[PDB]
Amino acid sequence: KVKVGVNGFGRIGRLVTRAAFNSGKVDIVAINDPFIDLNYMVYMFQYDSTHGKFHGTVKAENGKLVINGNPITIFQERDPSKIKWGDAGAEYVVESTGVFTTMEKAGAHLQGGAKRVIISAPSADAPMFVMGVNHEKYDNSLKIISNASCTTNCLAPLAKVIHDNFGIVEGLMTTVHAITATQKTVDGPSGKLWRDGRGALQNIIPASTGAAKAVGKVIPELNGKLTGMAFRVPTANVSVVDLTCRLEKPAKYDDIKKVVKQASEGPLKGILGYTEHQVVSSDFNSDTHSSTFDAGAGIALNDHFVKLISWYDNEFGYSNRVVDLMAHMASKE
């Protein structure tokens, strides 16, 4: 139903477009990417090293991108304010470039006649939502919002369930993260973040993440109670969260499994998964969950100190949440 524009046709712009046509929960009507002409969009949309060929049709017609016979307006603008979302019929704009993450820089889309803006990344100052956690705190006053990060979308649903049932006194998270577009094939310059310039195929690379702190913004009771870090490892896609937490109430591992399984079958169905299967990362490739709890992989030292493991397709889960959030915003117009 709601009509959508996508700024940046990167991993995230393309896979939100893909999630939109797959689920049919929104109608993509516009796309902007200055480094990507129309014929090149067809190619980049249709062929995907990680998720395989698009299941549907894609071609350039009359200077439109036509997916499943639905035509889409193509902008080659550098500057978001210049983009005429208005003319094209785009009510909501996904801001997927990762260089317009502030309320102000993101707000530029409103000048083209965009009603509302969803930043596909953490924002310094836009309000952050996570589907299944704090999305019901969205209302119509909000024209510039954030869907947080892939890692926050993994951690927050599990942390809600654990905190709600047992009380997280304190937590420290590690994410073992697949490589991303910001990394390098061989040792090269990354001026502010030296480790991130080191060859991505050759190395385990420690990195900072704001995801654990961000959980304290969507779950205010966990403010100041979580922090963490990442390691980048040489896999193309699918990441894993490792949450080491101290609990207020005693929680046998069997009781943790029971409350996560219950949450996955009820209110967090499609958002928080649960498995007892002997899974590895590739089993989550193109899995649309935000977070799949791995019962077998986790370990408890005692009833108050546990390490919980949850898997996430960092591309596909997040892309499907952007769509779901837009559907829920539209359902509240």
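Numbering starts at 1 and runs along the sequence shown.
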Higher-scoring stretch by recorded Cα B factor average, 236-244 or 137-145: 137-145
Test of understanding: from the entry's C-alpha B-factors, which stretch has the higher mean, 224-232 or 88-96? 88-96
Using the temperature factors in the entry, find which of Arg198, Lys115, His163, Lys249 has the highest value at its Cα atom. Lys115
By the CA temperature factor listed in this entry, which of these ranks top: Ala297, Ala30, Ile271, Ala300? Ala30
Comparing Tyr43 with the other modelled residues of its chain, is its CA B-factor in the lowest, middle or highest third? middle
Chain thirds of CA B-factor: placement of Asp255: middle
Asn285 CA temperature factor, ranked by third within the chain: lowest
Ordered by C-alpha B-factor within the chain, which third holds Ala124? Give me lowest, middle or highest, please. highest
Comparing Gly191 with the other modelled residues of its chain, is its CA B-factor in the lowest, middle or highest third? middle
